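# Summary of structural features
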Number of protein chains: 2
Amino acid sequence: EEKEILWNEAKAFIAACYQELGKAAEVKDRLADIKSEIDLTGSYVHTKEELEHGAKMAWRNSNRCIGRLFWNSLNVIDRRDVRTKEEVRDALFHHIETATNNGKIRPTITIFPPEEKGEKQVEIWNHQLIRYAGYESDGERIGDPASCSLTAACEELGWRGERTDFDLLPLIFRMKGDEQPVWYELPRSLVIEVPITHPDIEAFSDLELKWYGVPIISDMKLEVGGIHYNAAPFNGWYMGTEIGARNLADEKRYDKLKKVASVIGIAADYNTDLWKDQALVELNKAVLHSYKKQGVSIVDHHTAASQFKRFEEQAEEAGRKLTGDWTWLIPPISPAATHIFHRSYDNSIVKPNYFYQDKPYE
Amino acid sequence: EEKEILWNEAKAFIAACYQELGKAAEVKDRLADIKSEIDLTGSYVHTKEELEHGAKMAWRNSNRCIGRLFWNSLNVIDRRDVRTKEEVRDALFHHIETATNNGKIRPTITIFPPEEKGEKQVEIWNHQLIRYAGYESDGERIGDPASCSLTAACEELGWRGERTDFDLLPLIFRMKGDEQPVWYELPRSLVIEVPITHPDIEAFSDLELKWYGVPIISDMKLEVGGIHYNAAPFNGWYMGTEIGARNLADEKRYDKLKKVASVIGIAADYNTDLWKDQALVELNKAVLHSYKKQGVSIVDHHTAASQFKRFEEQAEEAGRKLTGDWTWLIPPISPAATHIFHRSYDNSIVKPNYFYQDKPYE
Ligand code: HEM
Ligand code: HEM
Ligand SMILES: N=C(Nc1cccc(CO[C@@H](CN)COCc2cccc(/N=C(/N)c3cccs3)c2)c1)c1cccs1
Ligand SMILES: N=C(Nc1cccc(CO[C@@H](CN)COCc2cccc(/N=C(/N)c3cccs3)c2)c1)c1cccs1
Ligand SMILES: C[C@H](O)[C@H](O)[C@H]1CNc2nc(N)[nH]c(=O)c2N1
Ligand SMILES: C[C@H](O)[C@H](O)[C@H]1CNc2nc(N)[nH]c(=O)c2N1
Ligand SMILES: [Cl-]
Ligand SMILES: [Cl-]
């Protein structure tokens, strides 16, 4: 059964992929090769062309992503050759360095050996390669609450955070055959961070806010033609609202709106004053200003939705069905000011794609 | 078949309604009476108790409405006795007067005779009882574009608008047996309007914006126990974002954000400045300020979502399933600042309920 699933997924993927690459005449022979390989080994190996186009198709098919206009320019790094934890560490360090590109962010994915029979070869524990620790004791929170459980697991492995609000978590991953993950501190020279200041309000620096430059999602499974790449970290650049309307604003994250209200000089006393809305706008202006001033890539939500509109037009022109998740594509501020809010999207799942998988901790 | 549908819908409604009213022992005899009445007449007549509770249940079941906490205090006016167009006009004038209540808005529904065999007795053409006309010629728009088609139809019936940006449309409705609807100008003494000013920015009055006090939806069908009340206008009060983030802001409505930007003294040149977001916040603060200053009821979106949270808790406490449409319940500004954004809702349709119906014009 598992073997039949693989072959059916393989057939669909190779046909579509080779059609897109103008290789339709080669499908028959490639599918023959594959069936034999599956018959003998219980699996098959993608060509570098298949793996690269597959990762790009997976991005193109991600219903929740507003940044898909740029799917075809994804930089795919093939690391299916790694066998040791030093090689994984160095590959993850390299990804950070080349994706960061001195601030001019390059969308990149590094692809590690895939699952064999559901057995992982490399298991990454981080949610993002660069993220801040979170702590709770004594009732008072320090850092990013979304990182509380992983931070606690790292402190079970001999690591200790300084307990600032912005401790960088170490890389943490497990190799097939090892019982415990290993961890490595991130070299600070690799990690660009951006201090948050406001273009007009000098007091805004009093909040001492910062965020990291490059979001690199490292806990999703890339599925391509029935092959499960559970370890394939990827990055784009931030849309500013992710930082300003969610990471720094959510009550269960950094919860900064009352402090923002205070430094911008407005009362935070009455719902009818819309002080939360006003604070959210100024915090989001500060995030965009600060990234731009630092020379780190970022996109505002209006420009992002305009880009997504072009992606919709591109799909229609290419004769491709468009899929999307309206509830995630709308930005969390001024959503009715974007075209997204005023149309609907088919939320069907199409493969290749990126999928959630169970956490190894918790 | 139609008759079977009616009986099945009647059974479900009477059982549930009488259960809620502590009248469970009367269900059997009432259902007997009903089946006979259906058998003889092809229909049945609600008691005043059934009609009143039915309208309230219909509101409670409206998935898209954030204001449902107050469903049980709906003021139901029974006008199933009307037979003439003068009686309909006077009933609609009365609804406006008693719902408006000098600014302290009372949620109210007036219920007219229902469809008989799909044949309407009274057919209301207005989308809302109080709404502004819209015109397009010469390329330039005047008034509310959402009213363009109905305004054109009214001008086919001998009415003529002054072509200001805020012309009040007349009431327009058709009686069973008449080929054309009749129209009646609204007495201005019945219509409260609110000029839009800003609490801190004096220049805001230069925009000369206003909106009407009471939104009274008059084109939906109330369905209760298989009976179709196609004419049953209802009103609550506004949530401020409806006016400030949509009616005055949408590009296909009054499209005022660039003018707002100008009077609040910010540039409207760069997406990264978030000038649309800032303009939206100040316009929405002005709307809430102006309604409050005029003594007209209105709710801000933060308070409304807090009320909706209580509605969710009330349902769970009463053992009632909650249904909702996430895509409409989230407010169009700062939606992630409300609890609504962070949970999900079952969008199942439950009756009694309010439904769209085909327009008689267009
Ligand atoms: C180039 C810049 C990019 C931008 C501005 C962008 C923007 C976004 C945003 C704003 C989200 C919503 C995230 C959230 O609210 O937590 C998102 C989701 C997503 N993006 Fe993109 N994205 C970009 C590139 C990429 C790349 C390169 C990939 C993969 C190759 C990717 C795959 C996804 C996926 C899978 C999700 C869904 C995550 C989930 O369900 O939790 N995106 N994107
Ligand atoms: C008491 C104050 C009320 C408030 C603040 C309120 C709030 C709202 C809001 C903001 C919407 C979304 C409208 C839009 O975006 O166009 C809505 C939808 C709705 N409300 Fe309420 N509402 C209230 C009372 C009522 C009443 C009294 C009824 C009926 C008896 C009602 C039935 C509905 C229905 C049917 C919709 C959906 C309209 C559609 O699908 O187009 N509401 N409500
Ligand atoms: N653990 C799960 N999933 C899960 C649980 C909680 C949260 C999440 C994801 O949380 C998101 C909340 N906003 C955060 O996602 C971060 C993200 C994802 C994609 C793009 C993001 N932003 C960017 N611009 C980019 C990052 C990388 C490329 S572009 C950020 C996932 C599971 C569910 C079922 C089985 S496992
Ligand atoms: N014509 C249709 N429906 C339709 C078409 C276009 C638009 C609409 C409704 O437009 C809404 C856009 N936001 C406007 O609804 C106005 C509204 C509805 C409910 C509550 C509203 N606000 C309030 N606070 C209240 C008004 C009355 C009680 S509370 C406003 C409905 C049909 C579809 C299928 C068959 S007919
Ligand atoms: C396509 C989309 O569902 C549509 O534009 C909806 C979105 N959510 C909404 N929500 C409310 N409250 N009112 C609306 O008119 C809309 N428009
Ligand atoms: C319940 C709801 O679907 C959930 O909170 C979603 C809403 N839309 C979202 N949209 C984005 N882009 N990111 C998110 O984390 C969420 N959260
Ligand atoms: Cl993030
Ligand atoms: Cl309205």
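The rules we used
- Sequence order sets the numbers: each chain starts from 1, possibly unlike the entry numbering, and residues with no coordinates are not included.
- Lettering of chains starts at A and numbering of ligands starts at 1, both following the order in which they are written.
- Calculation of side-chain values draws on the structure's entire complement of heavy atoms; hydrogens and water are dropped beforehand.
- UniProt positions are given in the numbering used here, feature names are shortened, and annotations may be inferred rather than shown by experiment.
- Here the copies share a frame obtained from least-squares fitting of C-alpha atoms.
- The criterion used for residue contact is that any of the two residues' heavy atoms lie within 4.5 Å.
- We call a residue near a molecule or strand when any one of its heavy atoms sits within 4 Å of it.
- Polar contacts, as counted here, are pairs of nitrogen or oxygen atoms within 3.5 Å of one another; within protein the pair requires one atom able to donate a hydrogen and one able to accept it, and residues that are adjacent in sequence qualify only if both atoms are side-chain atoms.
- Accessibility throughout is a Shrake-Rupley quantity obtained with a 1.4 Å probe, and a residue counts as covered only by protein chains that appear here.
- Note on residue categories: nonpolar means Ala, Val, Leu, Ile, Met, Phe, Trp, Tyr, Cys or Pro, charged means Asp, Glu, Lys or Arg, and polar means any other residue, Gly included.
- The split of the chain into domains comes from an automatic or database domain assignment.
- Where helices are involved, their axes are fitted lines through C-alpha atoms of the stretch in contact, as for all axes, and angles between N-to-C directions lie from 0 to 180°.
- A helix here means a DSSP run of H or I that spans at least four residues, while a strand means a run of E at least two residues long, and both kinds are numbered starting from the N terminus.
- Angle categories: roughly parallel below 35 degrees, roughly antiparallel above 145, roughly perpendicular from 65 to 115, and oblique for all the rest.
- In this analysis, strands are considered paired if DSSP registers two or more bridges between them.
- Each residue is placed in one exposure class: buried if its accessible area under a 1.4 Å probe, protein chains only, is under 20% of its type's maximum, exposed if it is over 50%, and partly exposed if it falls in between.
- Donor criterion used throughout: N, O or S atom within 2.8 Å of the metal, extended to 3.2 Å for Na, K and Ca. Water excluded; incomplete-looking sites may result.
- Buried area, as used here, totals the accessible surface that two parts lose on assembly, with accessibility defined by a 1.4 Å probe and the loss added over both.
- A pair is scored as a salt bridge if a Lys or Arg side-chain nitrogen falls within 4 Å of a carboxyl oxygen belonging to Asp or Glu.

The deposited coordinates for this entry were obtained by X-ray crystallography, with a reported resolution of 1.85 Å.

With the PDB entry as reference, chain A is termed NITRIC OXIDE SYNTHASE OXYGENASE, source organism Bacillus subtilis. Looking at chain A in UniProt, the text filed under Subunit is "Homodimer."

## Here's the deal with the relation of the copies chain B and chain A
Note on the identical chains: chain B maps onto chain A by a rotation of 180° and an axial translation of 0.0 Å, with an RMSD of 0.0 Å. Both chain copies can therefore be described as sitting about a two-fold axis. Residue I333 of chain B of chain B places its C-alpha closer to the rotation axis than any other residue of that unit, at 3.0 Å. Interface residue correspondence from chain B to chain A reaches 100%, placing this contact among same-surface, isologous pairings.

## Considerations on the site of ligand 3
All names here are of chain A. With respect to spatial proximity, 13 residues lie near ligand 3, and among them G236, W237, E242, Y356 and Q357 are the closest. In the environment of ligand 3, a nitrogen atom lies 3.0 Å from a nitrogen or oxygen atom belonging to the backbone of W237. For ligand 3, the protein covers 56% of the area, taking 800 Å² as the surface of the free molecule. For the shell around ligand 3, the class distribution of residues is six nonpolar, five polar and two charged. Residue contributions to the shell around ligand 3 reach at least three from each of two domains, namely domain 2 (81–106 + 121–192 + 356–360) and domain 3 (193–215 + 238–303).

## Regarding the packing of helix α1 (residues 2–20) of chain A against helix α3 (residues 48–60) of chain A
Residues and elements named next belong to chain A. Between α1 and α3, the least distance of the axes is 11 Å, while the angle of their chain directions is 95°. When the axis of α1 is compared with that of α3, the two are roughly perpendicular. Touching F13, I14, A16, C17, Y18 and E20 of α1 are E50, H53, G54, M57 and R60, all from α3.

## Considerations on the sheet that holds strand β3 (residues 122–124) of chain A
Residues and elements named next belong to chain A. Spatial strand order, β3-β6-β7: three strands in an open sheet with antiparallel pairing. Each of the sheet's edge strands pairs with one partner strand only, and the pair in question is β3 and β7 (182–184). Direction aside, the axes of adjacent strands within the sheet are offset by 30° on average. Sheet analysis places strand β6 (residues 171–175) next to β7, joined by three bridges and oriented antiparallel. In the strand pairing of β7, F173 is matched with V182. Docked against the sheet, helix α4 (residues 85–100) engages β3, β6 and β7, running at close to 145° with respect to β6.

## Describing the pairing of β6 of chain A
All names here are of chain A. Most of β6 is tucked away: five of the five residues are buried. Every second residue of β6 is oriented toward a common face, with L171, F173 and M175 on one face and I172 and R174 on the other, all of them buried. Sheet analysis places β3 next to β6, joined by three bridges and oriented antiparallel. Its bridge partner being in β6, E123 is matched across the sheet by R174. Linking two consecutive strands that pair antiparallel, namely β6 and β7, is a turn of six residues; a positive phi of about 100° is found at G177 within it.

## As for the coordination of the iron atom of ligand 1
Exactly one protein atom donates to the iron atom of ligand 1; that atom is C65 of chain A (SG), 2.5 Å from the metal. If you trace the backbone, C65 of chain A turns up in the loop between α3 and β1 (75–78).

## Let's talk about the interface of chain B and chain A
One widely used convention gives an interface's size as the accessible area the parts lose upon coming together. Listed as interface residues are 30 residues of chain B and, on the opposing side, 30 residues of chain A. Across the chain B to chain A interface the summed buried area is about 2500 Å²; carbon plus sulfur atoms make up 65%. Run the count over chain B and chain A and you get zero salt bridges. Across the chain B-chain A interface, the total number found is ten residue pairs in polar contact. Going through the elements one at a time, α8 (275–294), α9 (301–318) and α10 (326–329) of chain B are the ones with two or more residues in the side of chain B that touches chain A. If you tally residues by element for the side of chain B that touches chain A, the top one is α8 of chain B, at nine residues. In terms of residue class, the side of chain B that touches chain A is made up of twelve nonpolar, ten polar and eight charged.

## Details of the pattern of salt bridges
All names here are of chain A. All chains considered together, the criterion is met by 50 salt bridges over all chains. A salt bridge links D250 to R246, with the nearest nitrogen and oxygen atoms 2.8 Å apart. Look at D250 and you get buried, because its relative accessible area is 11%. Owing to a relative accessible area of 24%, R246 belongs among the partly exposed residues under this scheme. Between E282 and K285 there is a salt bridge, with its nearest N and O atoms 3.0 Å apart. Of this pair, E282 and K285 both sit in helix α8 (residues 275–294), separated by three residues, roughly a single helical turn. Take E282 and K285: they sit in the same class, and that class is buried. In the salt-bridge network here, residues are joined through shared partners; they are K23, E26 and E49.

## Some thoughts on the domain arrangement of chain A
Residues and elements named next belong to chain A. When the domains of chain A are assigned, the result is domain 1 (1–80 + 107–117 + 221–235 + 305–329), domain 2 (81–106 + 121–192 + 356–360) and domain 3 (193–215 + 238–303). Computed from C-alpha atoms alone, the centre-to-centre distance between domain 2 and domain 3 is 25 Å. If you look at the interface, domain 2 gives 19 residues, while domain 3 gives 18 residues. When residues of domain 2 are sorted by the area they lose upon contact with domain 3, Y132, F166 and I192 head the list and together hold 38% of the total. Our count for the domain 2 to domain 3 interface comes out at two salt bridges. Salt-bridge contacts for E193 lead to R188; the nearest nitrogen and oxygen are separated by 3.2 Å. Across the domain 2-domain 3 interface, the total number found is ten residue pairs in polar contact.

## With respect to the site of ligand 2
Residues and elements named next belong to chain B. By nearness alone, 17 residues border ligand 2, and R64, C65, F234, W237 and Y356 come closest of all. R64 places a polar side-chain atom, nitrogen or oxygen, 3.1 Å from an oxygen atom of ligand 2. Note that an oxygen atom of ligand 2 is positioned 2.6 Å from one of the side-chain N or O atoms of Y356. Residues that form the shell around ligand 2 fall into these classes: twelve nonpolar, three polar and two charged. Per-domain counts for the shell around ligand 2 show at least three residues from each of domain 1 (1–80 + 107–117 + 221–235 + 305–329) and domain 3 (193–215 + 238–303).

## Remarks on the environment of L6 of chain A
Residues and elements named next belong to chain A. Looking at where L6 falls in the secondary structure, it is placed in helix α1. Residue classification places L6 among the buried positions, given a relative accessible area of 7%. It is 7.6 Å that separates the C-alpha atoms of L6 and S43, two residues lying 37 residues apart in sequence.

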